[PDB]
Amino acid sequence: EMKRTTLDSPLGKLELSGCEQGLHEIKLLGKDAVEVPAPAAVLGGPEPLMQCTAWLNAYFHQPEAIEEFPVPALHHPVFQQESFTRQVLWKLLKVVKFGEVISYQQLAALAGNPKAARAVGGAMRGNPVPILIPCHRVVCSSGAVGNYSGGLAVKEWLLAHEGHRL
């Protein structure tokens, strides 16, 4: 049921996986890159996969129109059961737009528990679909960018790409 394909990007090769029920995971394989827009190794596939490739292409190469591309349905165990992690990931996906940032504290409050900023930071580690669900937009209230599953360099690259003065 699970299908996979790869896609070159400014952050290196990306491995995409999913099925008819939804996108399962977006994995960063090499942190090398390329600035020239590239197509997926294997075209077509489950609808969620095609929507993901279209979304990522727009994110990197036609950002001015990113809000116009639909986020595919997601199919991963983290989204199949109720948990604080799911609450946090879904709120992040729904609320934070391109170019905007939110603090660990603000996201915790949005998720119903203002004192759980540490757990929010921990929840970011469980995001199976980076970039798409913008965990890179969750930063420190001090102004510091904060930790990132893909490394500080990549988080800074993404934030700079979105207009921040970094």
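Residue indices: 1-based, along the sequence shown. Whichever C-alpha set is largest while still superposing within 1.5 Å between the two forms counts as the rigid core.
What stretch shows more C-alpha movement in 4 other deposited structures of this protein relative to this form, 131-139 or 62-70, after the core is superposed?
-> With the rigid core fitted, 62-70 is the stretch that strays more in 4 other deposited structures of this protein.
Where the other entries model residues on both sides, is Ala123 skipped in at least a third?
-> Residue status for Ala123: no gap in any other entry.
Looking at the other compared entries that model residues on both sides of it, is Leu28 unmodelled in at least a third of them?
-> Per the records, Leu28 is modelled in all the other entries.
Would you class the number of unmodelled deposited residues between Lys31 and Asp32 as none, 1 to 3, 4 to 9, or 10 or more?
-> Some 4 to 9 residues are missing between them.
On average, which has the higher Cα B-factor in the deposited entry, 22-30 or 119-127?
-> The stretch with the larger mean CA B-factor is 22-30.
Between 130-138 and 32-40, point out the one with the higher average CA B-factor as the PDB entry records it.
-> That would be 32-40.
Modelled-residue ranking by C-alpha temperature factor, third containing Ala111 = Its C-alpha B-factor, which the entry lists for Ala111, ranks in the highest third among residues of this chain.
In terms of the chain's CA B-factor thirds, is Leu14 lowest, middle or highest?
-> Ranked within chain, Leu14 CA B lands in the highest tercile.
Modelled-residue ranking by C-alpha temperature factor, third containing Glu100 = It falls in the bottom third of the chain.
Once the chain's modelled residues are ordered by C-alpha B factor and cut into thirds, is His164 in the lowest, middle or highest one?
-> Answer is middle: the recorded C-alpha B-factor places it there.
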